Amino acid sequence: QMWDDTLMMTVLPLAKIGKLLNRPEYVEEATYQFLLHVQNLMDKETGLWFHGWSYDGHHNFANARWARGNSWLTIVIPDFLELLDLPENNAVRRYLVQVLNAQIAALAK
Amino acid sequence: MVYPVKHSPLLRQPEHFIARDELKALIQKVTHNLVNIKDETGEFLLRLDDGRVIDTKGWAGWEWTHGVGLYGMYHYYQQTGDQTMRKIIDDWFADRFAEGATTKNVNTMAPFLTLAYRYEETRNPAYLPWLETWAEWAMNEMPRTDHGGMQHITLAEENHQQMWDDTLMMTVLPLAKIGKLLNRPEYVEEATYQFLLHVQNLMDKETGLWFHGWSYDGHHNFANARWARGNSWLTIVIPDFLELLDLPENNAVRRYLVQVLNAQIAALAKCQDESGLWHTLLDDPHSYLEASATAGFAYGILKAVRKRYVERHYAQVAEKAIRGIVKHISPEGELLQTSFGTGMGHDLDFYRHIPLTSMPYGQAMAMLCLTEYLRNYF
Amino acid sequence: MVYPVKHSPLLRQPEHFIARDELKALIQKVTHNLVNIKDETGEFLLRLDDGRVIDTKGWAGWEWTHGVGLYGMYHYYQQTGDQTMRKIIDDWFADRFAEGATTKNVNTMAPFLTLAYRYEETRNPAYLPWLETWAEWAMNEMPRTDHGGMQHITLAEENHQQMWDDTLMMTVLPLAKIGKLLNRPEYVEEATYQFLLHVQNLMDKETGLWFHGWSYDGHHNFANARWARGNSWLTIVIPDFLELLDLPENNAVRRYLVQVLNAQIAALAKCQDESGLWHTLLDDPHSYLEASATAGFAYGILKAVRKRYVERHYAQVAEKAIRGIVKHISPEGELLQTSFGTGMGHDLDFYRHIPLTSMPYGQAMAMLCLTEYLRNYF
Amino acid sequence: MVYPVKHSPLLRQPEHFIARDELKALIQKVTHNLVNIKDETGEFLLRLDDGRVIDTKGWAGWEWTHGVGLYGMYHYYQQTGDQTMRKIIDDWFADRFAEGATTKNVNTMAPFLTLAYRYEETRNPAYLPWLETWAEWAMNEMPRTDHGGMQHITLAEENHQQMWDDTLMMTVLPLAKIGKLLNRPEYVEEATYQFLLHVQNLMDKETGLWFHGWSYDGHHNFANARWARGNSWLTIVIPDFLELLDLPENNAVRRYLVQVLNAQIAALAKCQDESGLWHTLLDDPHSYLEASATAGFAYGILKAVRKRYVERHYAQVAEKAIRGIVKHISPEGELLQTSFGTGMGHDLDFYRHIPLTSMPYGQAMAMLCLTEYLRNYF
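Chains as they are written, first to last, in PDB author numbering: chain B, 162 to 270; chain A, 1 to 378; chain D, 1 to 378; chain B', 1 to 378. A prime marks a further copy of an entry chain.
Right, dumping it as structure tokens:
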């Protein structure tokens, strides 16, 4: 099982520790987790995220667009971008920003 | 005094079902066929209210099909230095260029992938404005969807707000190659972004396979078609793109692309029909089998094994498909079960009833996969 | 089926007013005209009191005029690889150099911009002493005005303390290219400094156009002439100089140059004549129309749009001028409404009354704008 | 209508006392004479109890003097691209190598400077082993004096613990060039060290001139001779060495070397005979005039001015010397007033008793300064 929360509770801490201790492997692992979570949780139909995913049956449980779950993403992406401090044209930075824009666009609606 | 060897996988010769030079002769026959394809009926010709009639099937035309054709040829040329292939490539370009540029779109872009490679070897200055102009167009003028996705705009249709699998082969990869070639990392950044967005919109996390199309007008995947040839474009592009990118093994983007490729290859393994071929609707065992998609699959799976993007055992899948492909090459050299150009379907049946017929990409994809298979003979 | 395309700006063909190959033929004719220019009367010959007679009009001379001449030819050759162009270019240098060197001044420098380009591709060792000696003279011996400005010294006149628009084309652009080519950043820095100081002394902040000349001997702009050809040198040089510098987008100097260019181009748009040409005094509608300036403008504006130094809507300005140019090319390939060599005027009439005669720069500027226009056909 | 220009230093034609083409034919003539020298008398045949009969005059020999000869010709070839000159250089090496290698010493090293240049251009793999072998010798096997000074061992003398002016030209400069070419910085550091140590033991702080020799055996400068040709090696070598090192202007070593050069040229300009030539003992007028030295000085001064290692006004000294060299070139193409292999003098009168003969270095040094003077015609 993969959940929204993991990005805030473990991934962001990993990333910060990676930068602080100069351990880029940590940051690469973190970035990879962002990408995979986007893949399995983000809802392309709305811009919102599903609460959970599971490789056991390959599904999103109730397909719940749960608010607090979604708020972890709104918190985490900007902080994660801040830490990565990537050039504006960077493809990963653009991608993350794109996901953020999709979510905020839908939240505002 | 004779040494025991046949018993040991380590000491014994490879079990080549087909001999190296037989393979080469097949590729030659397949090439001869391609440059000699003719639409007799004129039934397949693309017609616009412009007055334009574009031959999509004959060699003297300019569209994505020729784009794929030239690339397959280039591959063979690149590996063996065969001057026969070279001349055919350079001639196509000279002929088309004397005629004059066609109009710009996702598909007419494809040939610039091969031109990029030819410019790389020869540094012919006459090529450089072609490459700069079209890449610059792809960067700055080509229509974009929401979120700056590349819109699959065609000779024939706007396709407002739509993104297709095929875009990855016909424009993204060429843009990446040119970006590397002309040292313009912006092109490569754009290319990577397009990959990620395409994955977001087209990959089916449920199966590992991909949907043919996506539209931002309604946020849907049309018929949700898991179409063979389209998927093939990814099995082809990801490995070529990765090789272009040359990123370290633990790079998040490299790992992310290897992951997408893997999820697909695993799903394809389970999808392969006894014949080593794949169904034109991959998850519909009653669709007709389709050879050109099958060929792209063979290529990618082979290359992904060679490059270690996926584990060795996937070779068997490739090996079956390759045997199947050879079985489907006619004595004239025509790749048998090729489906004609396929647009976006609004229902599944649409994909089921696409006409079968020989095409530049049919022949080219055969040579793509067959050329990668030749590496087994080094 | 026939697909509807004519109805869409994205899908329909370009409406070229002239065909690609007709455009090339025109260029051929214009070149042929250029290399055959003669001055029968002798009335245009530059005469000096040491007895030197120097044909600024015929191809056999060595003047700023031939330099522009060569640059235009070089652009067409660089784009197309045309060996007829190449041989005309190399024969001029071959002929001049066997004659032996002319004296060094702001004008006789101009040919080396093209020589640099030829050296870059041939690496002919015999070109190196020419480029080095001449660039070094520009660095260390060419007279300087107050504040280290380049003095517009010519074959004929010291022009003590004077800076003109023309210096940026004839000497500065040459110096910068040679700086990049020989890895001498000092040459590029000197070039960049000159630009800044010319802007300071010549750009009219009130209009965005430039005065022809400035003097530190009285701190004045002579007749405050907003002279067309003079201004066009800026429109040519800034885009070429930006390209050569290849600086990041937000680089202060790059931005500042882009501002200078936009200020000029915005002004040029507002004073373009209905015919597409500009008036030899840009802000004087009762002044005669001048084609050479117009060509220079056509080129700069086209390139600026291509490189995205200015917004796309400016393309229509460029389009109107290109039609004006074409309409001003005689069947014998001459560019009508070319004004003769123009010095520093002390009053506006001086500009209003320059004679009209064909000149290398006139032909060459046509070639220049037309070659850039040709890029619309890739 | 004529422009007044003859009164102005900025506007007027250069006054050349000899025309470019005349000068070129003089160089060819001097060259033609060089590659035909012989002493059918046997007069100068170096003899060794070795049983070695070595020809120091003929062109088909291998002495320090061919090294200088090859170097001059190479300069001419480098500047002009003259294939006649290239062939003479290449042939000499081909012939010598066929005969086989001479023994290694300070003098036989000289020709490898030119070979380094030809290898740089041609990348002829048969040249590398020669270059590596002789450079390794210079680094690791050539005898050293106290403090690692390169001992000046000649073909027939050890000159134990002795350091001479000549070593800088004949071995040090070749080492340095080879160091840059083969990317072997150790070679360049060794070279730089030798420059410093030679300055220390040979330069005369009292005058700015150099003493011919030094010896760590008794710590002295033999006759304390300020010998012209000896001094000319320094005038030639420093500018060329600075050129190769290509150091920032503020670099302490670069400043130092330039300082030494300025001290020497300052003194040369002061002791130059009105004929433009220098005396073989530079500080003694009653010394006879020596043209080969004068040529060495003309080259160095001319080059130092060009590279701006010294102020422009020194061109006046060079110009006088150059006129003098030319007056001393017979119609046969021979540099008159050229002294024979001068050794280490134990007293001044020694230098005042040298044999005067045509030598690969006389003509060689004549063509060296003439070739550099030719740069004045671009």
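Quick reminder that beta carbons are idealized off the backbone N, C-alpha and C, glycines included.
Using alpha carbons as the reference points, say which of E121/B', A225/B' and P174/B' lies closest to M139/B'.
As a working note, residue 139/B' is residue 139 in the fourth sequence. Nearest option by C-alpha distance: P174/B'.
Within the region 109-188 of chain B', ranges of the alpha helix (DSSP H) (whole runs, at least 4 residues)
111-122, 128-140 and 173-181
Which residues in the same chain as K177/D place their Cβ atom closer than 8 angstroms to its Cβ, once the five residues preceding and following it in sequence are excluded?
Working through the third sequence from its first residue, we reach residue 177/D at position 177. Only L113, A116, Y117 and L244 meet the Cβ criterion.
So, does the region 364-373 of chain D touch the region 28-41 of chain D, judging by three or more C-beta pairs under 8 angstroms?
yes
Go through its chain and collect everything with a Cβ distance to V30/B''s Cβ below 8 angstroms, but skip five positions before and after it.
Here residue 30/B' corresponds to residue number 30 of the fourth sequence, with the count starting at 1. Contacts found: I329, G333, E334, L335, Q363, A366, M367 and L370.
Short of 7 angstroms Cβ to Cβ, which residues in the region 159-191 of chain D face chain A?
none
For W64/B', the first and last residue of its enclosing alpha helix (DSSP H)
Position 64 of the fourth sequence holds residue 64/B'. Unbroken alpha helix (DSSP H) run through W64/B': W64 to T80.
What did DSSP end up calling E290/D once you bin it into helix, strand or coil?
Taking the first residue of the third sequence as 1, we reach residue 290/D at position 290. DSSP places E290/D in strand when its eight states are reduced to three.
Which of helix, strand or coil DSSP assigns to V5/A
Locating residue 5/A in the second sequence gives position 5, counting from the first residue. Here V5/A sits in coil by DSSP.
Could you tell me which of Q264/A, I54/A and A318/A sits nearest to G276/A, measuring between CA atoms?
Start at 1 with the first residue of the second sequence, and residue 276/A comes out as number 276. The shortest C-alpha separation from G276/A is found at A318/A.
Within 10 angstroms of its Cβ, does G42/D collect 16 or more other Cβ (buried), or is it exposed?
Against the third sequence, residue 42/D aligns to sequence position 42. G42/D should be labelled exposed.
I want to see whether chain D comes within less than 7 angstroms of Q200/B', judged by CB atoms only; does it?
In the fourth sequence, counting from the first residue as 1, residue 200/B' sits at position 200. So, not an interface residue.
Looking at chain D, is there any beta carbon in it that lies within less than 7 angstroms of the beta carbon of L261/A?
The residue labelled residue 261/A in the question sits at position 261 within the second sequence. So, not an interface residue.
So with Cβ pairs under 7 angstroms, would you call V106/B' a contact of chain D?
Translated into the one-based positions of the fourth sequence, residue 106/B' becomes position 106. Answer no: the Cβ-Cβ gap between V106/B' and chain D never drops below 7 angstroms.
Quick one, which residues of the region 5-22 of chain B' are near chain D if we go by CB-CB under 7 angstroms, in chain order?
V5, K6, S8, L10, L11, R12, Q13 and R20
Between the region 202-220 of chain B and chain A, which residues of the former have CB atoms less than 8 angstroms from a CB of the latter, in chain order?
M203, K205, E206, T207, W214, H219 and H220
Simplified DSSP state of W92/D, which is helix, strand or coil
What you label residue 92/D is simply residue 92 of the third sequence in a count that begins at 1. It is helical.
When you check each C-beta in the region 237-255 of chain A against every C-beta of chain B, which residues fall closer than 8 angstroms?
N250, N251, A252, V253 and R255
Buried or exposed for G324/A, going by 16 or more other Cβ atoms inside 10 Å?
Position 324 of the second sequence, counted from the start, is the residue given in the question as residue 324/A. Its Cβ being crowded by 16 or more others within 10 Å, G324/A is buried.
Integer Cβ distance of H212/B' from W164/B', believed to fall under 8 angstroms:
Working through the fourth sequence from its first residue, we reach residue 212/B' at position 212. Working through the fourth sequence from its first residue, we reach residue 164/B' at position 164. The Cβ separation is near 7 angstroms, so the contact holds.
Contact criterion: CB-CB distance below 7 angstroms. Does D50/D meet it with respect to chain B'?
If you number the third sequence from 1, residue 50/D lands on position 50. So, interface residue.
Can you tell me the Cα-Cα spacing of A223/B' and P355/B', whole angstroms?
Residue mapping note: residue 223/B' aligns to position 223 of the fourth sequence, counting from 1. Residue mapping note: residue 355/B' aligns to position 355 of the fourth sequence, counting from 1. Distance between the alpha carbons of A223/B' and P355/B': 19 angstroms.
Return the first residue and the last residue of the alpha helix (DSSP H) that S232/D is part of.
Counting from one through the third sequence, the residue named residue 232/D turns up at place 232. It spans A228 to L245 - the alpha helix (DSSP H) in which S232/D sits, taken as one unbroken run.
Got a sec, what are the start and stop residues for the beta strand (DSSP E) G324/A sits in?
Stepping through the second sequence from its first residue, residue 324/A is reached at position 324. Here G324/A belongs to no beta strand (DSSP E); instead the alpha helix (DSSP H) covers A315 to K327.
Taking the alpha carbon of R20/A as the reference point, which residue from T80/A, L268/A and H66/A has its own alpha carbon closest?
Within the second sequence, numbered from 1, the residue matching residue 20/A stands at position 20. Looking at the Cα atoms, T80/A is the closest of the given residues.
Do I265/D and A298/D have their CB atoms nearer than 7 angstroms?
Residue 265/D sits at position 265 when you count from the first residue of the third sequence. Residue 298/D sits at position 298 when you count from the first residue of the third sequence. Not a contact, by the Cβ cut-off of 7 angstroms.
Residue span of the alpha helix (DSSP H) that contains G362/B', given as start and end
Translated into positions along the fourth sequence, residue 362/B' becomes position 362. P360 to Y373 is the extent of the alpha helix (DSSP H) around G362/B'.
Counting only the same chain and skipping the five closest in sequence on each side, list residues whose C-beta sits under 7 angstroms from that of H147/A.
As a first step, residue 147/A is located in the second sequence; it is residue number 147 there, counting from the start. Correct list, in chain order: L197.
First and last residue of the alpha helix (DSSP H) that includes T56/D?
In the third sequence, residue 56/D corresponds to position 56, counting from 1. Per DSSP, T56/D belongs to no alpha helix (DSSP H) and is neither H nor E.
Taking the straight line between their C-alpha atoms, what separation do you get for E311/D and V305/D?
One-based indexing of the third sequence puts residue 311/D at position 311. One-based indexing of the third sequence puts residue 305/D at position 305. Approximately 6 angstroms between the Cα atoms of the pair.
Taking DSSP as the reference, what is the three-state secondary structure of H198/A?
Here residue 198/A refers to the residue found at position 198 of the second sequence. It is helical.
With 16 other Cβ atoms within 10 Å as the buried cut-off, status of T235/B
Here residue 235/B refers to the residue found at position 74 of the first sequence. When all chains shown are included, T235/B counts as exposed.
With a threshold of 6 angstroms, establish whether the CB of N183/B neighbours any heavy atom of the ligand FAD.
No copy of the ligand FAD appears in this structure; indeed no ligand is present at all.
Residue range of the beta strand (DSSP E) that includes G213/A:
To locate residue 213/A, count along the second sequence from 1; it is residue 213. Taken as a continuous stretch (DSSP letters only), the beta strand (DSSP E) holding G213/A covers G213 to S215.
When the cut-off is 7 angstroms and only beta carbons count, does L196/A lie next to chain B?
As a working note, residue 196/A is residue 196 in the second sequence. Chain B contact via Cβ: present.
What residues from chain D crowd round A135/A, counting only those whose CB sits closer than 8 angstroms?
Within the second sequence, the letter at position 135 stands for residue 135/A. Those within 8 angstroms of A135/A in chain D number zero; the least Cβ separation is about 11 angstroms.
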